[PDB]
Amino acid sequence: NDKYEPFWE
Amino acid sequence: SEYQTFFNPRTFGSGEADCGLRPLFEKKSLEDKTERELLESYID
Amino acid sequence: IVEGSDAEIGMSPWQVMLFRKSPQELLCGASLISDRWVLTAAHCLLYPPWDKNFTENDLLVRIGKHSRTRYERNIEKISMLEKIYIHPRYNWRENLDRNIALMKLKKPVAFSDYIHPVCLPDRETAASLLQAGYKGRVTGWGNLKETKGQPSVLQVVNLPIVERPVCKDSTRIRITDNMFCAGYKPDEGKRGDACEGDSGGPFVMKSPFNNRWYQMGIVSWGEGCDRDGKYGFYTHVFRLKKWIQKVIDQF
Ligand SMILES: *[C@@H]1O[C@H](CO)[C@@H](O)[C@H](O)[C@H]1NC(C)=O
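Method of determination, as given in the entry header: X-ray crystallography; reported resolution: 2.20 Å.

Shown next as structure tokens:
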């Protein structure tokens, strides 16, 4: 439901 | 797998550097029956 | 574990079983974070309301197990505890706030295909992965339903992290920042949850950045098991990372 991919680390 | 230890191996003990990588799976590039569901949840 | 399935061999090598010598009994779940330290829930060790305050010699941790009941010789390792450490601000009187504890093994355990430590998250990893909608994994030998009722083999289930407001509105219990909740909402179709006997177990997530498994939480508490409108609550491990470090860098 409208989701952002994880990024970085 | 890039990983930076956080604890002092002196007190923490050994094992942190190679943490989270399973001998029967990641180490052999083999995936378990449901981990794909976790990865997909990052997109869906 | 409710509505889960049989884990595969070596699927969760950091899974630890808290066991009571006599009368022999499976007490809780726990996780192996190094060859010396095991992480679990404080209420598994201490809960005065039920006359529970176990000591080092009362318990036994069993590492590398798959089967719940049978002795898995040459596979599982049984270690004595050297010392138990409960979080000072652990609130057993009210909401089980800061429900975490560390147990130092007497002698470090040897790693194998069935015994391997899980990673604890860093600020960066915890910030990006502990988001609503993302799924984590819970494992344990707890009951299969709220009401043998017990599995023959380690169980696993994947559950979605839930928005904080929703977690808060699903219960009358005061939820704190060192807690997060997971589970499917009534209209999402799928079901699943942790249950009696799974407490102390790890809520793990696989990092998409380095392929490692990280323990984001510890099975803490819930109202019943897998009830519509309810969610399982977990101790936010990163939130209590300072206490963990403090304890370890001193023993
Ligand atoms: C647990 O028992 C110990 C050892 O007898 C005692 O000092 C302590 O008060 C008990 N735990 C709590 C917080 O009640």
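A. The arrangement of the overall build of chain B in detail. When you go through chain B residue by residue, the secondary structure sums to two helices and zero strands. Along the first, second and third principal axes, the C-alpha atoms of chain B reach 40 × 25 × 15 Å.

B. Focus on the overall build of chain C. In terms of regular secondary structure, chain C is built from four helices and 16 strands. Whereas a compact globule of 251 residues would reach a radius of gyration of roughly 18 Å, chain C reaches 17 Å, a difference of no more than 12%. In terms of overall dimensions, chain C has C-alpha extents of about 45 × 45 × 40 Å along its principal axes. Accessible area for chain C stands at about 10,500 Å²; split by element, carbon and sulfur atoms hold 46% of it. Separation between the mean location of the 37 positive side-chain charges and that of the 29 negative ones in chain C comes to 5 Å.

C. Molecular detail of the nonpolar core. All names here are of chain C. In terms of nonpolar packing, the biggest core is built from 55 residues, with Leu18, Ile33, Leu39, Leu102, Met103 and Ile244 touching the most fellow members. Residue assignment places this core across two domains, with domain 1 (1-12 + 118-238) and domain 2 (13-117 + 239-251) each supplying three or more. Leave out the neighbours within four places in its chain, and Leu18 touches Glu25, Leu26, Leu27, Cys28, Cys44, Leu45, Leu59, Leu60, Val61 and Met103. Membership of the second largest hydrophobic core comes to 23 residues, among which are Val157, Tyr184, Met205 and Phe238.

D. Up close: the UniProt feature "disulfide bond" in chain C. Residues and elements named next belong to chain C. Of the UniProt disulfides, the one joining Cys28 and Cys44 is intact in these coordinates, the sulfur pair sitting 2.0 Å apart. Of this pair, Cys28 sits in strand 3 (residues 25-32) while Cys44 sits in helix 1 (residues 42-45), and the two are 16 residues apart along the sequence. Summarising the burial analysis for this pair, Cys28 and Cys44 share the class buried. Judged by the 2.5 Å criterion, the disulfide between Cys195 and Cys225 that UniProt reports is present, the sulfurs being 2.0 Å apart. Here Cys195, found in the loop between strand 13 (179-182) and strand 14 (202-206), pairs with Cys225, found in the loop between strand 15 (213-221) and strand 16 (232-236); they are 30 residues apart in sequence, far enough to count as distant. Of the two residues, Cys195 and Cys225, neither departs from the other in class, the shared state being buried.

E. Main features of the sheet that holds strand 2 (residues 15-20) of chain C. Residues and elements named next belong to chain C. Spatially, seven strands are ordered 8-7-2-3-4-10-9 in an open sheet, and the strand pairing comes out antiparallel. Strands at the two margins of the open sheet, each flanked by one partner only, are strand 8 (77-79) and strand 9 (81-86). Pairs of neighbouring strands in the sheet enclose a mean axial angle of 30°, with direction left out of account. Examined bridge by bridge, strand 9 and strand 10 (residues 101-105) share five bridges and lie antiparallel to one another. In the strand pairing of strand 10, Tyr85 is matched with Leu102. The sheet contacts of helix 4 (residues 241-248) involve strand 4 (37-40), strand 9 and strand 10, and relative to strand 10 the element is tilted by about 30°.

Scoring rules and cut-offs
- Sequence positions are given from 1 along each chain as written, possibly unlike the numbering in the entry, and residues without coordinates are left off.
- Note on labels: chains are lettered from A, ligands numbered from 1, in written order.
- Side-chain metrics rest on all non-hydrogen atoms present in the structure, leaving aside hydrogens and water.
- Residues with missing side-chain atoms are left out of burial classes, side-chain pairs and their counts.
- Helix and strand definitions follow DSSP, with helices as H or I runs of at least four residues and strands as E runs of at least two, each counted in order from the N terminus.
- In this treatment the radius of gyration is a C-alpha quantity, and the globule benchmark scales as 2.2 Å times the residue count to the 0.38 power.
- Per-residue accessibility takes into account occlusion by the displayed protein chains alone, with areas from the Shrake-Rupley method and a 1.4 Å probe.
- The charged-residue count follows a simple rule in which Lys and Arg add positive charge and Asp and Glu add negative charge, with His and chain termini not counted at all.
- A single reference atom marks each charge: NZ on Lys, CZ on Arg, CG on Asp, CD on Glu.
- Only buried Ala, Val, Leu, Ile, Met, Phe, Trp, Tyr and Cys residues count toward a nonpolar core, and they belong to the same one when joined by side-chain atoms within 4.5 Å.
- Per-residue accessibility, obtained with a 1.4 Å probe over protein chains only, is compared with the maximum for each type, and a residue is labelled buried under 20%, exposed over 50%, and partly exposed between these values.
- Domain delimitation in this document rests on an assignment produced automatically or drawn from a domain database.
- We call two residues in contact whenever any of their non-hydrogen atoms come within 4.5 Å of each other.
- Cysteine sulfur atoms are paired as a disulfide whenever they come within 2.5 Å of each other.
- UniProt positions are given in the numbering used here, feature names are shortened, and annotations may be inferred rather than shown by experiment.
- A pair of strands is considered paired only if DSSP assigns at least 2 bridges between the two.
- A fitted line through C-alpha atoms represents every axis, and for helices the fit uses only the stretch in contact; the resulting angles, taken between N-to-C directions, go from 0 to 180 degrees.

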